[PDB]
file upload07.cif (mmCIF, C-alpha atoms and all ligand atoms)
data_upload
#
loop_
_atom_site.label_atom_id
_atom_site.label_comp_id
_atom_site.auth_asym_id
_atom_site.auth_seq_id
_atom_site.Cartn_x
_atom_site.Cartn_y
_atom_site.Cartn_z
CA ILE M 1 31.53 -1.95 -6.14
CA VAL M 2 30.61 1.74 -6.11
CA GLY M 3 32.23 4.16 -8.54
CA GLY M 4 33.90 1.37 -10.48
CA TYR M 5 33.54 0.09 -14.03
CA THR M 6 32.46 -3.04 -15.90
CA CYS M 7 35.54 -5.28 -15.82
CA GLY M 8 34.87 -7.15 -19.04
CA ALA M 9 33.97 -10.84 -19.36
CA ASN M 10 36.53 -12.97 -17.51
CA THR M 11 39.15 -10.22 -17.27
CA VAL M 12 39.52 -11.27 -13.62
CA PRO M 13 39.87 -15.09 -14.01
CA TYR M 14 40.57 -15.73 -10.31
CA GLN M 15 37.33 -14.05 -9.17
CA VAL M 16 34.68 -16.49 -7.97
CA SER M 17 31.09 -16.21 -6.82
CA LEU M 18 29.90 -18.19 -3.79
CA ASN M 19 26.38 -19.44 -4.43
CA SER M 20 23.79 -20.91 -2.06
CA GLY M 21 20.83 -20.63 -4.42
CA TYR M 22 21.93 -17.05 -5.09
CA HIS M 23 25.17 -15.03 -5.07
CA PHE M 24 26.07 -14.13 -1.48
CA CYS M 25 29.83 -13.46 -1.50
CA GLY M 26 32.92 -13.30 -3.67
CA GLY M 27 36.10 -15.34 -3.37
CA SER M 28 39.52 -15.96 -4.93
CA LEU M 29 40.82 -19.13 -6.60
CA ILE M 30 44.32 -19.90 -5.26
CA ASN M 31 44.76 -23.29 -6.99
CA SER M 32 42.60 -25.85 -8.83
CA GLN M 33 41.11 -27.16 -5.57
CA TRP M 34 41.04 -24.16 -3.22
CA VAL M 35 39.30 -20.82 -2.82
CA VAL M 36 40.00 -18.02 -0.33
CA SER M 37 37.11 -15.91 1.00
CA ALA M 38 36.03 -14.04 4.13
CA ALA M 39 35.20 -15.92 7.31
CA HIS M 40 32.03 -13.88 7.71
CA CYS M 41 30.80 -15.42 4.45
CA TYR M 42 30.80 -18.89 5.98
CA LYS M 43 27.70 -21.06 5.57
CA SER M 44 26.78 -24.66 4.75
CA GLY M 45 25.86 -25.80 1.24
CA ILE M 46 28.21 -23.59 -0.74
CA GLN M 47 28.67 -23.94 -4.49
CA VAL M 48 31.68 -22.21 -6.01
CA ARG M 49 31.05 -20.58 -9.38
CA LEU M 50 34.11 -19.94 -11.52
CA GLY M 51 34.43 -18.33 -14.95
CA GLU M 52 31.48 -16.05 -14.28
CA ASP M 53 30.76 -12.61 -15.68
CA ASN M 54 26.99 -12.24 -15.76
CA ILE M 55 25.99 -14.33 -12.73
CA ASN M 56 22.39 -14.52 -13.95
CA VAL M 57 23.22 -15.81 -17.44
CA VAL M 58 25.07 -18.99 -18.37
CA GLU M 59 27.43 -17.51 -20.95
CA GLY M 60 29.53 -20.60 -21.62
CA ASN M 61 32.67 -20.23 -19.52
CA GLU M 62 31.41 -21.03 -16.05
CA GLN M 63 32.15 -24.06 -13.87
CA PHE M 64 29.87 -24.77 -10.92
CA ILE M 65 31.51 -26.95 -8.28
CA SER M 66 30.21 -27.84 -4.82
CA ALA M 67 32.44 -27.23 -1.81
CA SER M 68 33.50 -30.36 0.08
CA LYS M 69 34.77 -28.51 3.13
CA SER M 70 35.17 -25.07 4.65
CA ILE M 71 37.77 -23.96 7.15
CA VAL M 72 37.27 -20.70 9.01
CA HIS M 73 40.43 -19.18 10.51
CA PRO M 74 41.06 -20.59 14.03
CA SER M 75 41.15 -17.08 15.48
CA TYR M 76 38.23 -15.53 13.59
CA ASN M 77 36.17 -13.17 15.74
CA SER M 78 32.66 -12.65 14.37
CA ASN M 79 32.16 -9.48 16.40
CA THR M 80 35.21 -7.48 15.32
CA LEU M 81 35.92 -9.40 12.11
CA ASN M 82 39.55 -9.84 13.17
CA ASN M 83 41.08 -12.69 11.13
CA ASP M 84 38.23 -12.53 8.61
CA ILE M 85 39.44 -15.27 6.27
CA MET M 86 38.40 -18.81 5.37
CA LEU M 87 39.36 -21.59 2.97
CA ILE M 88 36.90 -23.57 0.85
CA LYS M 89 37.82 -26.81 -0.88
CA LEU M 90 36.17 -27.83 -4.15
CA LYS M 91 34.65 -31.33 -4.32
CA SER M 92 36.44 -31.71 -7.65
CA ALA M 93 39.38 -29.84 -9.15
CA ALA M 94 38.52 -26.87 -11.34
CA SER M 95 39.62 -27.01 -14.97
CA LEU M 96 42.17 -24.21 -15.24
CA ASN M 97 42.13 -22.15 -18.42
CA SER M 98 42.53 -18.52 -19.48
CA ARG M 99 39.14 -17.56 -17.97
CA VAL M 100 39.51 -19.70 -14.84
CA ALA M 101 42.90 -19.09 -13.25
CA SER M 102 44.38 -18.90 -9.77
CA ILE M 103 45.89 -15.82 -8.15
CA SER M 104 49.26 -15.96 -6.37
CA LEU M 105 49.60 -15.50 -2.62
CA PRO M 106 51.84 -12.66 -1.35
CA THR M 107 55.47 -13.29 -0.46
CA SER M 108 55.50 -10.10 1.63
CA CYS M 109 52.96 -7.47 2.68
CA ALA M 110 52.37 -4.57 0.30
CA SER M 111 53.28 -0.99 1.18
CA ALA M 112 50.89 1.95 1.46
CA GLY M 113 50.26 3.70 -1.84
CA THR M 114 50.39 0.49 -3.87
CA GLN M 115 47.58 0.33 -6.45
CA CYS M 116 45.21 -2.65 -6.33
CA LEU M 117 42.25 -4.08 -8.21
CA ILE M 118 39.09 -4.75 -6.20
CA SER M 119 36.23 -6.62 -7.86
CA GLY M 120 32.80 -8.09 -7.20
CA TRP M 121 29.08 -8.28 -7.90
CA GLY M 122 28.17 -6.08 -4.95
CA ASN M 123 25.87 -3.06 -4.66
CA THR M 124 26.89 -0.19 -6.97
CA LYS M 125 25.14 2.66 -5.15
CA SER M 126 26.32 4.36 -1.96
CA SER M 127 22.89 5.79 -1.10
CA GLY M 128 20.65 3.14 -2.61
CA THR M 129 20.49 -0.44 -3.85
CA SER M 130 21.32 -1.70 -7.34
CA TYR M 131 23.05 -5.01 -7.94
CA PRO M 132 24.93 -5.61 -11.20
CA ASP M 133 24.80 -8.93 -13.00
CA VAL M 134 28.23 -8.48 -14.58
CA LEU M 135 31.50 -8.22 -12.65
CA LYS M 136 32.52 -4.72 -11.52
CA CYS M 137 36.08 -3.46 -11.07
CA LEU M 138 37.83 -0.71 -9.11
CA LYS M 139 41.41 0.55 -9.00
CA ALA M 140 42.23 1.59 -5.44
CA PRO M 141 45.43 2.31 -3.48
CA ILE M 142 46.38 0.91 -0.09
CA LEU M 143 45.97 3.65 2.51
CA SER M 144 48.37 4.37 5.35
CA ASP M 145 47.55 2.51 8.54
CA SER M 146 47.33 5.95 10.14
CA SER M 147 44.44 7.14 7.98
CA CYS M 148 42.82 3.72 8.41
CA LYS M 149 42.88 3.71 12.20
CA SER M 150 41.94 7.39 12.29
CA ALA M 151 38.78 6.66 10.32
CA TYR M 152 37.97 3.61 12.47
CA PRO M 153 39.45 4.32 15.92
CA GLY M 154 39.75 1.17 18.03
CA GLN M 155 38.45 -1.09 15.26
CA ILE M 156 41.52 -1.79 13.14
CA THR M 157 43.86 -4.67 13.97
CA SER M 158 47.16 -5.63 12.35
CA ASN M 159 45.15 -8.18 10.35
CA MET M 160 43.32 -5.45 8.46
CA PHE M 161 44.22 -2.62 6.10
CA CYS M 162 42.23 0.09 4.35
CA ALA M 163 42.12 0.74 0.62
CA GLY M 164 40.25 3.30 -1.42
CA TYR M 165 39.77 7.05 -1.38
CA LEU M 166 39.08 9.25 1.64
CA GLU M 167 37.17 11.61 -0.65
CA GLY M 168 34.57 8.88 -1.10
CA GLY M 169 32.69 7.87 -4.23
CA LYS M 170 34.76 4.76 -4.94
CA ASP M 171 34.72 1.66 -2.72
CA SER M 172 33.56 -1.95 -2.32
CA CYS M 173 30.07 -2.62 -0.92
CA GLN M 174 27.54 -5.25 0.21
CA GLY M 175 27.71 -8.30 -2.04
CA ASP M 176 31.41 -7.83 -2.53
CA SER M 177 32.45 -9.63 0.62
CA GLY M 178 34.93 -12.42 0.38
CA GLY M 179 36.15 -10.94 -2.89
CA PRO M 180 39.76 -10.16 -3.97
CA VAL M 181 42.04 -7.16 -3.65
CA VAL M 182 44.97 -7.82 -5.98
CA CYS M 183 48.11 -5.67 -5.98
CA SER M 184 51.16 -6.28 -8.19
CA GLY M 185 49.80 -9.69 -9.22
CA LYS M 186 49.22 -10.97 -5.69
CA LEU M 187 46.19 -11.45 -3.44
CA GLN M 188 46.85 -8.90 -0.69
CA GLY M 189 43.30 -8.36 0.52
CA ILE M 190 39.82 -9.80 1.01
CA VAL M 191 36.73 -7.56 1.00
CA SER M 192 35.73 -7.47 4.67
CA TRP M 193 33.80 -4.48 6.00
CA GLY M 194 33.39 -0.73 6.23
CA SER M 195 31.15 2.12 7.36
CA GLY M 196 28.45 2.26 4.72
CA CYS M 197 29.82 2.38 1.18
CA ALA M 198 31.99 4.96 -0.58
CA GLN M 199 31.44 7.44 2.25
CA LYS M 200 34.06 10.14 2.70
CA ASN M 201 36.65 9.47 5.41
CA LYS M 202 35.36 5.89 5.67
CA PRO M 203 37.44 3.69 3.31
CA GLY M 204 36.92 -0.02 2.82
CA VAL M 205 38.54 -2.37 5.32
CA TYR M 206 40.17 -5.55 4.01
CA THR M 207 41.62 -8.71 5.53
CA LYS M 208 45.44 -8.55 5.30
CA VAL M 209 46.18 -11.80 3.45
CA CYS M 210 49.98 -11.54 3.76
CA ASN M 211 49.66 -12.39 7.47
CA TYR M 212 47.98 -15.71 6.58
CA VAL M 213 50.17 -17.21 3.85
CA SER M 214 51.77 -19.67 6.28
CA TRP M 215 48.37 -20.75 7.62
CA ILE M 216 46.94 -21.08 4.11
CA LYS M 217 49.82 -23.17 2.76
CA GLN M 218 49.87 -25.47 5.78
CA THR M 219 46.10 -25.84 5.98
CA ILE M 220 45.54 -26.70 2.32
CA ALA M 221 48.49 -29.12 2.43
CA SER M 222 46.88 -31.03 5.30
CA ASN M 223 43.35 -31.08 3.88
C1 LIG Q 301 29.82 -7.86 2.21
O1 LIG Q 301 29.60 -7.76 0.74
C2 LIG Q 301 29.89 -6.43 2.78
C3 LIG Q 301 31.09 -5.65 2.14
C4 LIG Q 301 31.11 -4.24 2.74
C5 LIG Q 301 32.24 -3.39 2.23
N1 LIG Q 301 32.14 -2.07 2.89
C6 LIG Q 301 33.06 -0.96 2.52
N2 LIG Q 301 33.95 -1.47 1.52
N3 LIG Q 301 32.62 0.40 2.92
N4 LIG Q 301 30.12 -6.41 4.27
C7 LIG Q 301 29.05 -6.40 5.34
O2 LIG Q 301 28.16 -5.63 5.10
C8 LIG Q 301 29.73 -6.35 6.72
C9 LIG Q 301 29.66 -7.70 7.38
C10 LIG Q 301 29.06 -7.48 8.68
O3 LIG Q 301 30.00 -7.80 9.70
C11 LIG Q 301 28.73 -5.99 8.75
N5 LIG Q 301 29.14 -5.32 7.54
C12 LIG Q 301 30.00 -4.20 7.61
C13 LIG Q 301 30.08 -3.29 8.86
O4 LIG Q 301 30.72 -3.85 6.64
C14 LIG Q 301 28.63 -8.57 2.92
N6 LIG Q 301 28.73 -9.25 4.10
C15 LIG Q 301 27.52 -9.79 4.52
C16 LIG Q 301 26.42 -9.52 3.64
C17 LIG Q 301 25.12 -10.01 3.94
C18 LIG Q 301 24.90 -10.77 5.13
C19 LIG Q 301 25.99 -11.05 6.03
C20 LIG Q 301 27.32 -10.55 5.71
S1 LIG Q 301 27.03 -8.58 2.31
CA CA Q 302 27.32 -16.58 -16.06
#
call {"tool": "encode", "arguments": {"input": "upload07.cif", "output": "structure tokens"}}
result
Amino acid sequence: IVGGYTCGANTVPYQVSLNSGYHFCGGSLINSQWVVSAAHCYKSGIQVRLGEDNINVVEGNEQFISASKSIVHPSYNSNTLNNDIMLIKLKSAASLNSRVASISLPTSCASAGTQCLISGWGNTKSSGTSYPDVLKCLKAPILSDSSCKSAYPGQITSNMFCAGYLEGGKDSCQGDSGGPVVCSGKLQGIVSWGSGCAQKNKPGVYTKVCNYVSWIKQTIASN
């Protein structure tokens, strides 16, 4: 997260870190046994880390649970990142508490202009590299589909939306993928991609979760 601020220990209880010997992507807890992340974050041997703040220090509120299965969206396209979403099941149910909580799925898609909270342990510099150990936060509005497609002509599908500021300086970045975009108490986006980080006229692109609620509910119910 570039241009954001330190969230505060466990102020984002649904935020999870996907670990394969090191943090490689973020994710969102949707219930005690399931996590939502980006399809491009898929890999074998994933360990979900909940209740984290400083990912390099065991502070006392974390729960490390191995994934038992991963399900990449049936229409995921690794080249264009269309349908960039995946489900990860925990080998054992997480113990839900105030610092480890699930985030609700959308009932309807959010409108442009709606303010959202984007979070992650990604790079904090737009022209360099500096990874934070504590969770970073960023308030960002959903941009019109017009400004989104204008910035990325021919690259935006109906399964993506842009959020951020066209002026640049504030945005998600590498290390944030798979992470949450929460608006009005619901998971509306998943950190997906973008042109560089926090660059003017190049806002962050996020998977549009509202288009997948049906798939998520049916998939988790059958697995
Ligand atoms: C993700 O943390 C980043 C998030 C980038 C957010 N960008 C924005 N908000 N301006 N995404 C990657 O860097 C993606 C994935 C690839 O398809 C290409 N790239 C683009 C164009 O954004 C990460 N994803 C990966 C990382 C490391 C290795 C593989 C995927 S970090
Ligand atoms: Ca920790």
call {"tool": "residues_around", "arguments": {"input": "upload07.cif", "residues": "residue 111 of chain M", "least_positions_apart": "2", "cutoff": "12 Å", "atoms": "only C-alpha atoms", "output": "list in words"}}
result
residues 108, 109, 113, 114, 115, 116, 141, 142, 143, 144, 145, 161, 162, 163, 183, 184, 188, 208 and 210 of chain M
call {"tool": "closest_atom_pairs", "arguments": {"input": "upload07.cif", "of": "chain M", "to": "ligand LIG 301 (chain Q)", "cutoff": "10 Å", "atoms": "all atoms listed in the file", "output": "JSON lines"}}
result
{"residue": "M:1", "atom": "CA", "partner": "Q:LIG301", "partner_atom": "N2", "distance": 8.0}
{"residue": "M:2", "atom": "CA", "partner": "Q:LIG301", "partner_atom": "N2", "distance": 8.9}
{"residue": "M:23", "atom": "CA", "partner": "Q:LIG301", "partner_atom": "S1", "distance": 10.0}
{"residue": "M:24", "atom": "CA", "partner": "Q:LIG301", "partner_atom": "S1", "distance": 6.8}
{"residue": "M:25", "atom": "CA", "partner": "Q:LIG301", "partner_atom": "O1", "distance": 6.1}
{"residue": "M:26", "atom": "CA", "partner": "Q:LIG301", "partner_atom": "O1", "distance": 7.8}
{"residue": "M:38", "atom": "CA", "partner": "Q:LIG301", "partner_atom": "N6", "distance": 8.7}
{"residue": "M:39", "atom": "CA", "partner": "Q:LIG301", "partner_atom": "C20", "distance": 9.7}
{"residue": "M:40", "atom": "CA", "partner": "Q:LIG301", "partner_atom": "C20", "distance": 6.1}
{"residue": "M:41", "atom": "CA", "partner": "Q:LIG301", "partner_atom": "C20", "distance": 6.1}
{"residue": "M:42", "atom": "CA", "partner": "Q:LIG301", "partner_atom": "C20", "distance": 9.0}
{"residue": "M:78", "atom": "CA", "partner": "Q:LIG301", "partner_atom": "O3", "distance": 7.2}
{"residue": "M:79", "atom": "CA", "partner": "Q:LIG301", "partner_atom": "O3", "distance": 7.2}
{"residue": "M:80", "atom": "CA", "partner": "Q:LIG301", "partner_atom": "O3", "distance": 7.7}
{"residue": "M:81", "atom": "CA", "partner": "Q:LIG301", "partner_atom": "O3", "distance": 6.6}
{"residue": "M:84", "atom": "CA", "partner": "Q:LIG301", "partner_atom": "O3", "distance": 9.6}
{"residue": "M:118", "atom": "CA", "partner": "Q:LIG301", "partner_atom": "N2", "distance": 9.8}
{"residue": "M:120", "atom": "CA", "partner": "Q:LIG301", "partner_atom": "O1", "distance": 8.6}
{"residue": "M:121", "atom": "CA", "partner": "Q:LIG301", "partner_atom": "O1", "distance": 8.7}
{"residue": "M:122", "atom": "CA", "partner": "Q:LIG301", "partner_atom": "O1", "distance": 6.1}
{"residue": "M:123", "atom": "CA", "partner": "Q:LIG301", "partner_atom": "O1", "distance": 8.1}
{"residue": "M:126", "atom": "CA", "partner": "Q:LIG301", "partner_atom": "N3", "distance": 8.9}
{"residue": "M:162", "atom": "CA", "partner": "Q:LIG301", "partner_atom": "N2", "distance": 8.9}
{"residue": "M:163", "atom": "CA", "partner": "Q:LIG301", "partner_atom": "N2", "distance": 8.5}
{"residue": "M:164", "atom": "CA", "partner": "Q:LIG301", "partner_atom": "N2", "distance": 8.4}
{"residue": "M:168", "atom": "CA", "partner": "Q:LIG301", "partner_atom": "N3", "distance": 9.6}
{"residue": "M:170", "atom": "CA", "partner": "Q:LIG301", "partner_atom": "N2", "distance": 9.0}
{"residue": "M:171", "atom": "CA", "partner": "Q:LIG301", "partner_atom": "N2", "distance": 5.3}
{"residue": "M:172", "atom": "CA", "partner": "Q:LIG301", "partner_atom": "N2", "distance": 3.9}
{"residue": "M:173", "atom": "CA", "partner": "Q:LIG301", "partner_atom": "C5", "distance": 3.9}
{"residue": "M:174", "atom": "CA", "partner": "Q:LIG301", "partner_atom": "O1", "distance": 3.3}
{"residue": "M:175", "atom": "CA", "partner": "Q:LIG301", "partner_atom": "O1", "distance": 3.4}
{"residue": "M:176", "atom": "CA", "partner": "Q:LIG301", "partner_atom": "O1", "distance": 3.7}
{"residue": "M:177", "atom": "CA", "partner": "Q:LIG301", "partner_atom": "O1", "distance": 3.4}
{"residue": "M:178", "atom": "CA", "partner": "Q:LIG301", "partner_atom": "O1", "distance": 7.1}
{"residue": "M:179", "atom": "CA", "partner": "Q:LIG301", "partner_atom": "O1", "distance": 8.1}
{"residue": "M:190", "atom": "CA", "partner": "Q:LIG301", "partner_atom": "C3", "distance": 9.7}
{"residue": "M:191", "atom": "CA", "partner": "Q:LIG301", "partner_atom": "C3", "distance": 6.1}
{"residue": "M:192", "atom": "CA", "partner": "Q:LIG301", "partner_atom": "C3", "distance": 5.6}
{"residue": "M:193", "atom": "CA", "partner": "Q:LIG301", "partner_atom": "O4", "distance": 3.2}
{"residue": "M:194", "atom": "CA", "partner": "Q:LIG301", "partner_atom": "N3", "distance": 3.6}
{"residue": "M:195", "atom": "CA", "partner": "Q:LIG301", "partner_atom": "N3", "distance": 5.0}
{"residue": "M:196", "atom": "CA", "partner": "Q:LIG301", "partner_atom": "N3", "distance": 4.9}
{"residue": "M:197", "atom": "CA", "partner": "Q:LIG301", "partner_atom": "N3", "distance": 3.8}
{"residue": "M:198", "atom": "CA", "partner": "Q:LIG301", "partner_atom": "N3", "distance": 5.8}
{"residue": "M:199", "atom": "CA", "partner": "Q:LIG301", "partner_atom": "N3", "distance": 7.2}
{"residue": "M:200", "atom": "CA", "partner": "Q:LIG301", "partner_atom": "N3", "distance": 9.8}
{"residue": "M:202", "atom": "CA", "partner": "Q:LIG301", "partner_atom": "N3", "distance": 6.7}
{"residue": "M:203", "atom": "CA", "partner": "Q:LIG301", "partner_atom": "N3", "distance": 5.8}
{"residue": "M:204", "atom": "CA", "partner": "Q:LIG301", "partner_atom": "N2", "distance": 3.6}
{"residue": "M:205", "atom": "CA", "partner": "Q:LIG301", "partner_atom": "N2", "distance": 6.0}
{"residue": "M:206", "atom": "CA", "partner": "Q:LIG301", "partner_atom": "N2", "distance": 7.8}
call {"tool": "write_last_selection", "arguments": {"input": "upload07.cif", "atoms": "C-alpha atoms", "output": "mmCIF file, keeping the file's coordinate frame"}}
result
data_model
loop_
_atom_site.group_PDB
_atom_site.id
_atom_site.type_symbol
_atom_site.label_atom_id
_atom_site.label_comp_id
_atom_site.auth_asym_id
_atom_site.auth_seq_id
_atom_site.Cartn_x
_atom_site.Cartn_y
_atom_site.Cartn_z
ATOM 1 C CA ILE M 1 31.530 -1.950 -6.140
ATOM 2 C CA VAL M 2 30.610 1.740 -6.110
ATOM 3 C CA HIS M 23 25.170 -15.030 -5.070
ATOM 4 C CA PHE M 24 26.070 -14.130 -1.480
ATOM 5 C CA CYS M 25 29.830 -13.460 -1.500
ATOM 6 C CA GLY M 26 32.920 -13.300 -3.670
ATOM 7 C CA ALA M 38 36.030 -14.040 4.130
ATOM 8 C CA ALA M 39 35.200 -15.920 7.310
ATOM 9 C CA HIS M 40 32.030 -13.880 7.710
ATOM 10 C CA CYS M 41 30.800 -15.420 4.450
ATOM 11 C CA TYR M 42 30.800 -18.890 5.980
ATOM 12 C CA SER M 78 32.660 -12.650 14.370
ATOM 13 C CA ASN M 79 32.160 -9.480 16.400
ATOM 14 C CA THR M 80 35.210 -7.480 15.320
ATOM 15 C CA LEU M 81 35.920 -9.400 12.110
ATOM 16 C CA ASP M 84 38.230 -12.530 8.610
ATOM 17 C CA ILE M 118 39.090 -4.750 -6.200
ATOM 18 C CA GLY M 120 32.800 -8.090 -7.200
ATOM 19 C CA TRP M 121 29.080 -8.280 -7.900
ATOM 20 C CA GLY M 122 28.170 -6.080 -4.950
ATOM 21 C CA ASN M 123 25.870 -3.060 -4.660
ATOM 22 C CA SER M 126 26.320 4.360 -1.960
ATOM 23 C CA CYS M 162 42.230 0.090 4.350
ATOM 24 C CA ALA M 163 42.120 0.740 0.620
ATOM 25 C CA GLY M 164 40.250 3.300 -1.420
ATOM 26 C CA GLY M 168 34.570 8.880 -1.100
ATOM 27 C CA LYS M 170 34.760 4.760 -4.940
ATOM 28 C CA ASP M 171 34.720 1.660 -2.720
ATOM 29 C CA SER M 172 33.560 -1.950 -2.320
ATOM 30 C CA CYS M 173 30.070 -2.620 -0.920
ATOM 31 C CA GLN M 174 27.540 -5.250 0.210
ATOM 32 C CA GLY M 175 27.710 -8.300 -2.040
ATOM 33 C CA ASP M 176 31.410 -7.830 -2.530
ATOM 34 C CA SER M 177 32.450 -9.630 0.620
ATOM 35 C CA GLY M 178 34.930 -12.420 0.380
ATOM 36 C CA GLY M 179 36.150 -10.940 -2.890
ATOM 37 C CA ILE M 190 39.820 -9.800 1.010
ATOM 38 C CA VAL M 191 36.730 -7.560 1.000
ATOM 39 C CA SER M 192 35.730 -7.470 4.670
ATOM 40 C CA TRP M 193 33.800 -4.480 6.000
ATOM 41 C CA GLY M 194 33.390 -0.730 6.230
ATOM 42 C CA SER M 195 31.150 2.120 7.360
ATOM 43 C CA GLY M 196 28.450 2.260 4.720
ATOM 44 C CA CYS M 197 29.820 2.380 1.180
ATOM 45 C CA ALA M 198 31.990 4.960 -0.580
ATOM 46 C CA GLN M 199 31.440 7.440 2.250
ATOM 47 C CA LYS M 200 34.060 10.140 2.700
ATOM 48 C CA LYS M 202 35.360 5.890 5.670
ATOM 49 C CA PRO M 203 37.440 3.690 3.310
ATOM 50 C CA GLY M 204 36.920 -0.020 2.820
ATOM 51 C CA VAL M 205 38.540 -2.370 5.320
ATOM 52 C CA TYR M 206 40.170 -5.550 4.010
#
call {"tool": "closest_residue", "arguments": {"input": "upload07.cif", "among": "M:12, M:151, M:57, M:29", "to": "ligand CA 302 (chain Q)", "atoms": "only C-alpha atoms and all ligand atoms"}}
result
M:57
call {"tool": "residues_around", "arguments": {"input": "upload07.cif", "residues": "segment 58-69 of chain M", "least_positions_apart": "3", "cutoff": "6 Å", "atoms": "all atoms listed in the file", "output": "ChimeraX atom specification"}}
result
/M:46-52,88-91
call {"tool": "atom_distance", "arguments": {"input": "upload07.cif", "atom1": "atom CA of residue 98 of chain M", "atom2": "atom CA of residue 185 of chain M"}}
result
15.4 Å
call {"tool": "closest_residue", "arguments": {"input": "upload07.cif", "among": "M:54, M:83, M:146, M:28", "to": "ligand CA 302 (chain Q)", "atoms": "only C-alpha atoms and all ligand atoms"}}
result
M:54
call {"tool": "residues_around", "arguments": {"input": "upload07.cif", "residues": "residue 22 of chain M", "least_positions_apart": "4", "cutoff": "10 Å", "atoms": "only C-alpha atoms", "output": "short mmCIF file (atom, residue, chain, number, x, y, z; two decimals) with C-alpha atoms, in the frame of the given file"}}
result
data_model
loop_
_atom_site.label_atom_id
_atom_site.label_comp_id
_atom_site.auth_asym_id
_atom_site.auth_seq_id
_atom_site.Cartn_x
_atom_site.Cartn_y
_atom_site.Cartn_z
CA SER M 17 31.09 -16.21 -6.82
CA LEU M 18 29.90 -18.19 -3.79
CA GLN M 47 28.67 -23.94 -4.49
CA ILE M 55 25.99 -14.33 -12.73
CA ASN M 56 22.39 -14.52 -13.95
#
call {"tool": "residues_around", "arguments": {"input": "upload07.cif", "residues": "residue 7 of chain M", "least_positions_apart": "4", "cutoff": "6 Å", "atoms": "all atoms listed in the file", "output": "compact mmCIF listing (two decimals) with C-alpha atoms, in the frame of the given file"}}
result
# COMPACT_ATOMS: atom_id res chain seq x y z
CA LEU M 135 31.50 -8.22 -12.65
CA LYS M 136 32.52 -4.72 -11.52
CA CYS M 137 36.08 -3.46 -11.07
call {"tool": "residues_around", "arguments": {"input": "upload07.cif", "residues": "segment 103-105 of chain M", "least_positions_apart": "4", "cutoff": "6 Å", "atoms": "only C-alpha atoms", "output": "number ranges by chain"}}
result
M: 14, 30, 186-187
call {"tool": "atom_distance", "arguments": {"input": "upload07.cif", "atom1": "atom CA of residue 94 of chain M", "atom2": "atom CA of residue 36 of chain M"}}
result
14.2 Å
call {"tool": "closest_residue", "arguments": {"input": "upload07.cif", "among": "M:139, M:167, M:31, M:85", "to": "residue 207 of chain M", "atoms": "only C-alpha atoms"}}
result
M:85
call {"tool": "closest_residue", "arguments": {"input": "upload07.cif", "among": "M:134, M:93, M:101, M:147", "to": "ligand CA 302 (chain Q)", "atoms": "only C-alpha atoms and all ligand atoms"}}
result
M:134
call {"tool": "axis_aligned_box", "arguments": {"input": "upload07.cif", "around": "segment 53-57 of chain M", "padding_each_side": "6 Å", "output": "lines of an AutoDock Vina configuration file"}}
result
center_x = 26.6
center_y = -14.0
center_z = -15.1
size_x = 20.4
size_y = 15.6
size_z = 16.7
call {"tool": "atom_distance", "arguments": {"input": "upload07.cif", "atom1": "atom CA of residue 124 of chain M", "atom2": "atom CA of residue 180 of chain M"}}
result
16.6 Å
call {"tool": "closest_residue", "arguments": {"input": "upload07.cif", "among": "M:148, M:9, M:156, M:209", "to": "ligand CA 302 (chain Q)", "atoms": "only C-alpha atoms and all ligand atoms"}}
result
M:9
call {"tool": "closest_residue", "arguments": {"input": "upload07.cif", "among": "M:43, M:95, M:133, M:74", "to": "ligand CA 302 (chain Q)", "atoms": "all atoms listed in the file"}}
result
M:133
call {"tool": "decode", "arguments": {"input": "upload07.cif", "residues": "segment 122-145 of chain M", "atoms": "C-alpha atoms", "output": "short mmCIF file (atom, residue, chain, number, x, y, z; two decimals), in the first residue's frame"}}
result
data_model
loop_
_atom_site.label_atom_id
_atom_site.label_comp_id
_atom_site.auth_asym_id
_atom_site.auth_seq_id
_atom_site.Cartn_x
_atom_site.Cartn_y
_atom_site.Cartn_z
CA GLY M 122 2.62 -4.79 0.09
CA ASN M 123 5.34 -2.41 -1.11
CA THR M 124 4.90 1.14 0.24
CA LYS M 125 6.97 3.00 -2.35
CA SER M 126 5.90 3.85 -5.90
CA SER M 127 9.45 4.39 -7.17
CA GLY M 128 11.34 1.98 -4.95
CA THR M 129 11.01 -1.06 -2.69
CA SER M 130 10.18 -1.08 1.02
CA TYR M 131 7.99 -3.73 2.60
CA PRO M 132 6.22 -3.03 5.90
CA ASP M 133 5.94 -5.64 8.61
CA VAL M 134 2.70 -4.20 10.00
CA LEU M 135 -0.58 -3.99 8.09
CA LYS M 136 -1.11 -0.87 5.97
CA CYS M 137 -4.45 0.77 5.18
CA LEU M 138 -5.86 3.06 2.50
CA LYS M 139 -9.21 4.80 2.03
CA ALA M 140 -10.05 4.87 -1.68
CA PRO M 141 -13.20 5.49 -3.74
CA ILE M 142 -14.53 3.32 -6.55
CA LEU M 143 -13.84 5.07 -9.85
CA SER M 144 -16.25 5.30 -12.77
CA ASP M 145 -15.91 2.47 -15.26
#
